[PDB]
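Peer 1: I would like to see how this sequence folds:
(2 chains)
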Amino acid sequence: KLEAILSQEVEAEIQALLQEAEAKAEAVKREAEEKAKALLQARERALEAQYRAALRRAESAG
Amino acid sequence: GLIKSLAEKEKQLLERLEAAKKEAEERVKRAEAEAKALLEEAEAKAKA
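Peer 2: Numbering: from 1, shown residues only, chains lettered A, B, ... in the order given. Now the structure:
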């Protein structure tokens, strides 16, 4: 039959789509974690700068 | 044959694509929501 052909045609597209769309929902979850990570790394860098500078200022004053 | 077999099957083959587009979008939206809220927490924290 012609109908036994057709059911294999949907079940084929509808797995490719759902693997593509779990390869976007994975990729985003990665890039966002590495984003979140880097936005606290940069937060680390700032704190040092502002404390190293500050201690020198208060020393020179005294 | 008879065209009523494949006529009323086509309108199920059509549903098999349709439910596919749904669960593609509705999954990638959640991840974007999880990213948005994650990078907001990373501000709330950084500023605190």
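
Peer 1: can you list the residue ranges for strands in chain B?
Peer 2: Along chain B, no segments are classed as strands by DSSP state E.

Peer 1: so which residues on it come close to chain A?
Peer 2: B:5-6, B:9, B:13, B:16-17, B:19-21, B:23-25, B:27-28, B:30-32, B:34-35, B:38-39, B:41-43, B:45-46 (C-beta under 8 Å from any C-beta of the partner chain). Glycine gets a C-beta too; all of them are placed from N, C-alpha and C.

Peer 1: same thing but at 7 Å, please
Peer 2: Residues of chain B lying close to chain A (C-beta under 7 Å from any C-beta of the partner chain) are B:5-6, B:9, B:13, B:16-17, B:20, B:23-24, B:27-28, B:30-32, B:34-35, B:38-39, B:42, B:46.

Peer 1: chain neighbours aside, what residue packs nearest to residue B:9?
Peer 2: Closest residue in space to residue B:9, ignoring its immediate chain neighbours: residue A:3 at 6.2 Å, by C-beta to C-beta, 6 or more residues apart in numbering or on different chains.

Peer 1: does the strand or helix carrying residue A:58 reach chain B?
Peer 2: Using DSSP states H and E, residue A:58 sits within helix A:27-61. Yes - interface with chain B: helix A:27-61 contributes A:28, A:29, A:32, A:35, A:36, A:39, A:40, A:43 (C-beta under 7 Å from any C-beta).

Peer 1: let me have those residues in CSV, extended by neighbour count.
Peer 2: Below are these laid out as CSV (neighbours: other C-beta atoms under 10 Å in any protein chain shown):
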residue, neighbour count
A:28, 18
A:29, 16
A:32, 19
A:35, 14
A:36, 18
A:39, 15
A:40, 11
A:43, 14
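
Peer 1: in TSV, list those along with distance to residue A:20.
Peer 2: Formatted as TSV, these follow (distance: C-beta to C-beta, whole Å):
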residue	distance to residue A:20
A:28	13
A:29	15
A:32	19
A:35	22
A:36	25
A:39	28
A:40	31
A:43	35
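
Peer 1: let me know the closest of those residues to chain B.
Peer 2: Nearest to chain B among the residues of helix A:27-61 next to chain B is residue A:32, at 3.6 Å by C-beta to the nearest C-beta.

Peer 1: let me know how buried the closest residue to that closest one other than its chain neighbours is, in neighbour terms.
Peer 2: Among residues not flanking residue A:32 along the chain, residue B:35 sits closest, at 3.6 Å (C-beta to C-beta, 6+ apart). For residue B:35, the count of nearby residues is 18 (other C-beta atoms under 10 Å in any protein chain shown).
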